[PDB]
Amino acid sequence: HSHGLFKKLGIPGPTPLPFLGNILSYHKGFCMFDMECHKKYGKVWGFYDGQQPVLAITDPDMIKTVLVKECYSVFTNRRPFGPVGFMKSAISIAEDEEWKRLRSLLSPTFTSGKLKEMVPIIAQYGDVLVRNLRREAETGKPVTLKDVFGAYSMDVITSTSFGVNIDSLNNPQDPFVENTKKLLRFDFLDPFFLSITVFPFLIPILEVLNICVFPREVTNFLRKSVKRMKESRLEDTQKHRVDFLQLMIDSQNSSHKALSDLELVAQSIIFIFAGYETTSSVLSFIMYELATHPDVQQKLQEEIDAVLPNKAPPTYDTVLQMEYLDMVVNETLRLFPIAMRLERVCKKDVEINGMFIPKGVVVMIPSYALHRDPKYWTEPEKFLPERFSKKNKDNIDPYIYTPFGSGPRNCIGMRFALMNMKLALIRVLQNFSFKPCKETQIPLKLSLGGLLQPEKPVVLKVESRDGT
């Protein structure tokens, strides 16, 4: 019972129940819980995930202090979440100095140059997705976005970490894809995780039995797959394709360095885990918005048609040049910041601009809630891209709008993700128009689970701009 911590500090929040803390209030999902707390408690509030104290903060300066100012010193790590095994070394699960070192070895791998050089590969799959989407529409039936983008997301992943070039969508059974496919984002509200939240003392027991949240079935497979291609393939030299693995392999081969072949395997897997369902979900939200806002869709199409007359293949610089595109992407991320919350564990007693935060408390920034906070957004529930226009985006506080988090521990694949999604969006809109379908849910309703996603999958009628 650390359940008295918050009233002891005079910090408001919902009253916790023995053992459960406040988890039954998650019956409508993390985001609804955070919006309702924001509303009734104010700028700061506390709650308990089992016995774990969580202090939500909403003040921009405090957020910067936590995410930026005091990253290395006090708020360096995310909260532990369950049995992880060797993945304990994935950069996103790694802690303190261990994390700092991994954050160095990997920086170069995510530089624009390395990125630009990966465009041809990803772009190549944009052609594949279009080629693919061409059929699904050409046919007649509504298209289920998660699937088309799931495959596209998959294809970019494999391809950008050694030439495993597969048309994932039409090779549903290619084992290598049938495994990477299983690397889905965790729903921390499913029974298992709720149980570990209420019985955290069970994690060491699962670790000793080698029980891991990532499917060993799949982790084993890729561990071995990387092993061979890391040898078998390029252990022949002469001709390499600037993918993450190679960047990880070569980074290996000539301060703190030397990525353990196991670490490297951990990185490759986490990069997949970090980008697979995230990219696909964001693309789907965007397409939903464009379909329910024809005018925006058209305008986007006109800009694309302008920067690339007559379906001209997208390019790094060409992508960067499109502003309405950038505005549409950003607006969608404001409405659907898929991480939902940003978190940091307080490694030690501290005071940040006024309030004292005890050691061990989890400091949480409710992105979903700050993104829809009336106090900062006119008609928060509305999809209005102008919000991010050139002469308007300056009024946006970066500690309020945080779809990719902020500070030293922000999303390391952010630019890659933005690039990936735009290239895809360009290719697709540069060929089709998505319109609401009779089965299209409007307004879109969000799941009540622990992931930010539509209640029912988004399906839309897809039409080719002059397809005969």
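Each residue number is its position in the shown sequence, starting from 1. Think of the rigid core as the biggest set of C-alphas that the two forms share within 1.5 Å after superposition.
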| query | finding |
| --- | --- |
| Comparing 338-346 and 172-180 where Cα RMS over structures and residues is taken in 6 other deposited structures of this protein (core fit), larger one | 172-180 |
| More variable segment, 411-419 or 434-442 [Cα RMS over structures in 6 other deposited structures of this protein, core-superposed] | 434-442 |
| No coordinates for residue 239 in a third or more of the other PDB entries | yes |
| Other compared entries missing residue 277, a third or more | no |
| Between neighbours residue 255 and residue 254, residues that the deposited sequence lists but the model omits | 4 to 9 |
| Between 228-236 and 116-124 (mean CA B-factor, as deposited), the higher | 228-236 |
| Stretch with the higher entry mean CA B-factor, where the candidates are 86-94 and 389-397 | 389-397 |
| Highest-ranked of 150, 163, 80, 358 once sorted by CA temperature factor in the record | 163 |
| Which of 324, 288, 336, 244 ranks first by CA B-factor in the deposited coordinates | 244 |
| Residue 60, C-alpha B-factor rank within chain (lowest, middle or highest third) | middle |
| Relative C-alpha B-factor of residue 110, binned into the chain's lowest, middle or highest third | highest |
| Third assignment of residue 407 from its chain's C-alpha B-factors | middle |
| Chain-wide C-alpha B factor ranking for residue 144, given as lowest, middle or highest third | middle |
| Chain-relative CA temperature factor third for residue 263 | highest |
